[PDB]
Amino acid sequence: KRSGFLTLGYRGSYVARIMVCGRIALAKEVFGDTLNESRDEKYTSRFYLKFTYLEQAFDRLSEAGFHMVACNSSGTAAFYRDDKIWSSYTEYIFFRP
């Protein structure tokens, strides 16, 4: 089935890492040869994106017919007391009918 979900993970710290989770057939259709599997899962796996920024991944998902459904963001900071270093991780859940 061409329908399904695709989770887009982004681990940033304010060249980051972009993750793609979901069925393999859906990941290869939207992202092509930018996938890099890292198993750590039946018919689904997690991939890392090369030669692709976050905005480009959105354009690939938008043209493929996916829409953002859920978004799980979380960040933690560490300290003088005015300057902090944030380390966030966001998951954008996309779905295609």
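Residue numbers here begin at 1 and follow the sequence given.
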Q | Missing from the model but present in the deposited sequence, between residue 14 and residue 15 | A | 10 or more
**Q.** Greater mean Cα temperature factor according to the PDB record, 80-88 or 17-25
**A.** 80-88
(Q) Considering every modelled residue of the chain and its Cα B-factor in the PDB entry, is residue 55 in the lowest, middle or highest third? (A) lowest
(Q) Ranking the modelled residues of this chain by C-alpha B-factor as given in the entry, is residue 33 in the lowest, middle or highest third? (A) lowest
